[PDB]
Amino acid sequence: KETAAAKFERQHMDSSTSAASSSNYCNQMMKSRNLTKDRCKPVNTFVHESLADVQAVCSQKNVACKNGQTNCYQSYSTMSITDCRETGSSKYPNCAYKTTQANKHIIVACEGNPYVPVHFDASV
């Protein structure tokens, strides 16, 4: 069974590229990480930093989560990320995405022992 920590890694980690992420990136990545299986997931962010660096965000700047919970943390440094957002003409099962690379602070929710990222909240 997939732990919440594992699901965060599958959905949100891509340390293998620094972000040279082509226009193709989101179409390929959303599919291979199984985010287009039951529907087209509308919005999803991939972080291009080490797992150690992203996990360390759980000990960084504590900020309110969008849902009002208090277990969110914003990175002190900007990180290389790619936002994937569904196009208007995207129709399941042919999920289509706009790929946008940026350098931004990430906000993640953390839980558990060890205290690790389990949700991607936002980038700022």
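Heads up: residue numbers just count along the shown sequence, starting at 1. Superpose the two forms; the largest set of C-alphas matching within 1.5 Å is the rigid core.
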| task | Compare 37 to 45 with 94 to 102 and report which one shows the larger root mean square C-alpha deviation from this form in 6 other deposited structures of this protein once the rigid core is superposed. | result | 37 to 45
| message | I need to verify one thing: averaged over C-alpha atoms only, is the B-factor higher for 11 to 19 or for 111 to 119? | response | 11 to 19
| Can you tell me which stretch has the higher mean Cα B-factor, 101 to 109 or 20 to 28? | 20 to 28
| task | Sort 89, 44, 75, 62 by C-alpha B-factor from the entry and give me just the highest. | result | 89
| query | For the listed residues 36, 55, 67, 80, which one has the largest C-alpha B-factor as given in the deposited model? | reply | 36
